[PDB]
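Below: one structure, written as structure tokens.
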Protein chains: 2
Amino acid sequence: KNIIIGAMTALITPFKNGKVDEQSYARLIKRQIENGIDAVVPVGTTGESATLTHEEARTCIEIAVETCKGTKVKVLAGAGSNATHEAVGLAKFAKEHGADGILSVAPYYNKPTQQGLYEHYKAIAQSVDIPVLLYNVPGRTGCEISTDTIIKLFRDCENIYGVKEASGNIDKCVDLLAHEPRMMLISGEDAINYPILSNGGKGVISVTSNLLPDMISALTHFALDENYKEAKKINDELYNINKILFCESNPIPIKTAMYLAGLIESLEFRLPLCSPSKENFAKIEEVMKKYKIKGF
Amino acid sequence: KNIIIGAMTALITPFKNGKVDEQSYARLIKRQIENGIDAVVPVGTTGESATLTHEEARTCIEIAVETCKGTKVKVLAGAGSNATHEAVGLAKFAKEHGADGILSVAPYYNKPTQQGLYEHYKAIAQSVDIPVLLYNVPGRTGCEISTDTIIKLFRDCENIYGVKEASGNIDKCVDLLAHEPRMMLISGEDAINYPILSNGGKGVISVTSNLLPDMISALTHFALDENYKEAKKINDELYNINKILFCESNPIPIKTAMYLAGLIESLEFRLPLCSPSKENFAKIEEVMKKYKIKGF
Ligand SMILES: [Mg+2]
């Protein structure tokens with residue numbers, strides 16, 4: 001199977017006067033490349049994909065593909081939907097803008113059954129010939145892709161090579177790799193990056209990496225090189241920021257942190273997303289001070 | 001405040017050969033009118049709003065508005081989105097198509113904060129001049145509209161007149177009506193229709209009403225007349241069908257039941273929604289036998 005693994009960043013989408021800041025998006029991705037990141041994830045949840053137009057999502061994918069041209073860094077484009085016909089179209093459009101693969105979230109709100117999840121992802125996998133990484137985050141979607149459904153999709157469709165697990169369920173990650181050790185388990189939960197990698201996970205799709213790409217990159221590569229003492233040391237050190245980056249719902253804290261570090265020019269969200277409370281604002285600012293934040 | 005209350009039906013959307021069966025859709029709405037239903041809800045979650053096109057969603061609202069002209073039945077159109085710019089647009093389009101009000105689900109998947117939820121609904125309420133009913137279903141959206149957020153929205157915005165509670169939280173229903181008794185609490189959970197109405201709820205937006213509109217109609221109006229002994233008797237008798245209609249995710253059981261009762265001609269869903277398991281198919285068939293199902 002063709003795979004996209006390693007240290008990956010769920011890119012924020014900076015806004016300036018209500019429009020997508022193309023420069024800063026481009027300058028932010030080059031910062032990730034410069035700090036050891038293996039792949040970038042445009043227009044995901046951390047990129048506020050719910051409030052982007054198809055034209056804005058297509059510009060962000062094109063910016064990601066062009067900024068990582070001539071480098072080993074891949075583009076794992078977010079192309080998911082709770083409607084299978086749309087998810088197929090988003091998959092085809094991401095392949096056409098030059099993405100090396102797609103991260104397609106489980107259908108949200110309409111809560112499909114396991115049978116429906118299988119047919120949903122099977123239709124996506126047979127629509128394109130590029131890798132497809134499953135994304136299971138039940139707290140946001142209301143749905144859970146069972147391990148049996150994940151394993152069946154991995155074995156029955158060739159483009160599906162693994163799953164992004166943001167469920168806070170290390171038991172399920174053992175279940176996945178004990179019954180299907182060839183799949184690519186990817187961490188979607190920054191605080192438990194090392195425990196997932198220590199069980200055989202082959203990468204992370206991080207929110208923290210937006211602010212500290214060098215540390216998340218080093219963590220992933222330490223663990224993949226079986227240097228668990230250094231991977232756990234970085235994981236322990238990132239715990240405070242990994243948690244505080246979820247004081248409010250992602251990407252509200254991480255965008256606030258990028259603004260506080262001067263990495264973006266505006267602290268603008270699109271509704272229903274909003275700036276955090278003064279209380280959480282001070283908490284993010286105070287937690288950032290204990291970390292060395294790389295510039296441009 | 002202008003309100004839309006009473007027995008209301010979350011309409012299913014019948015499909016035939018992958019297209020919206022417009023004739024059958026109109027004949028299902030007229031069946032609801034003839035059985036005492038006070039309002040119809042097009043393009044809701046039970047209508048598979050996630051997999052409908054905007055042109056298809058506009059056809060369903062127009063069919064509902066046209067079928068309810070010359071009658072007392074109002075059209076509470078589904079017009080929600082996890083993007084406020086879209087939810088505002090859907091609100092404006094539903095009123096322009098003749099809808100008496102809109103049912104606006106809480107933003108799903110992207111999990112806005114309470115502050116974000118307030119601005120989301122405030123932006124929707126100030127966009128149209130028709131009543132707006134909040135919709136809180138945390139199991140599907142991943143977010144919860146707090147009691148304080150609902151009460152603030154009810155008092156600060158005039159189109160907002162209440163909330164459709166699908167929370168399994170009779171404590172919260174006491175919380176809402178004890179601190180703000182002027183709002184219109186609507187039951188979004190069929191099995192607990194009577195307890196919500198008996199505490200001061202003024203209506204239901206029902207899934208069972210698709211199959212048994214006369215019993216949901218009689219239940220609600222018995223309760224509104226404080227004939228609680230008869231309202232509870234219908235609620236107790238409906239408990240078996242109210243639960244079995246959620247053995248799988250709504251609207252999979254209700255569409256299965258409508259097909260089994262011959263009220264819709266084809267049992268078609270749009271992916272990721274699918275036909276139910278053969279076991280649950282038999283269970284739905286077995287529960288229907290003990291109820292008197294009205295025809296056309
Ligand atoms: Mg359900």
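A, B, ... follow the sequence lines: proteins, then strands. Residue 1 opens every chain. The figures here come from the full heavy-atom set of this structure, side chains too, leaving out hydrogens, waters and symmetry mates.
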| Going by the angle between their ring planes, with limits at 30° and 60°, are A/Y108 and B/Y109 parallel, tilted or perpendicular? |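 Tilted: the ring planes of A/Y108 and B/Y109 meet at 30° to 60°.
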| field | Contact winner vs chain B - A/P251, A/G139, A/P276, heavy-atom pairs under 4.5 Å | value |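 Looking at each of A/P251, A/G139, A/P276 in turn, A/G139 comes out on top.
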| field | Non-hydrogen atoms of A/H85 and B/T51 that approach each other most closely | value |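 Smallest heavy-atom distance, with atoms named: NE2-O, 3.5 Å.
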| Atom CG of A/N110 and atom OG1 of B/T46: how far apart are they, to the nearest 0.5 Å? |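 Here the interatomic distance stands at 12.0 Å.
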| task | May I have the step-by-step check of side chain to side chain contact (heavy atoms under 4.5 Å, CB included) for A/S277 and B/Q115, ending in yes or no? | result | CA-CA 9 Å; A/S277 71; B/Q115 182 62 38; over 6 Å; no
| query | Taking B/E48, B/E119, B/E86 one by one, which has the highest count of heavy-atom pairs under 4.5 Å against chain A? | reply |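 The answer is B/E119.
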| query | So which of B/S49, B/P138, B/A50, B/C143 has the biggest tally of heavy-atom pairs under 4.5 Å with chain A? | reply |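 Greatest number of close heavy-atom pairs with chain A: B/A50.
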For [X], does the [atom1] atom sit with more than 12 other heavy atoms under 6.0 Å from it, leaving out its own atoms?
X: A/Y259; atom1: OH; value: no
X: A/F246; atom1: CZ; value: yes
X: A/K283; atom1: NZ; value: no

| request: Using non-hydrogen atoms and a 4.5 Å limit, figure out which bit of A/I252 sits close to chain B: side chain, backbone, both or neither. | output: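 For A/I252, the contact with chain B is made by the side chain alone.
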| Qualifying residue for side chain to side chain contact (heavy atoms under 4.5 Å, CB included) with A/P272, from B/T84, B/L117, B/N82 |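 Result: among B/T84, B/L117, B/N82, B/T84 is the only option passing the side chain to side chain contact (heavy atoms under 4.5 Å, CB included) with A/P272.
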| Below 4.5 Å, heavy atoms only, C-beta onward: do A/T113 and B/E248 meet side chain to side chain? |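 Result yes, sub-4.5 Å side-chain heavy-atom pair found.
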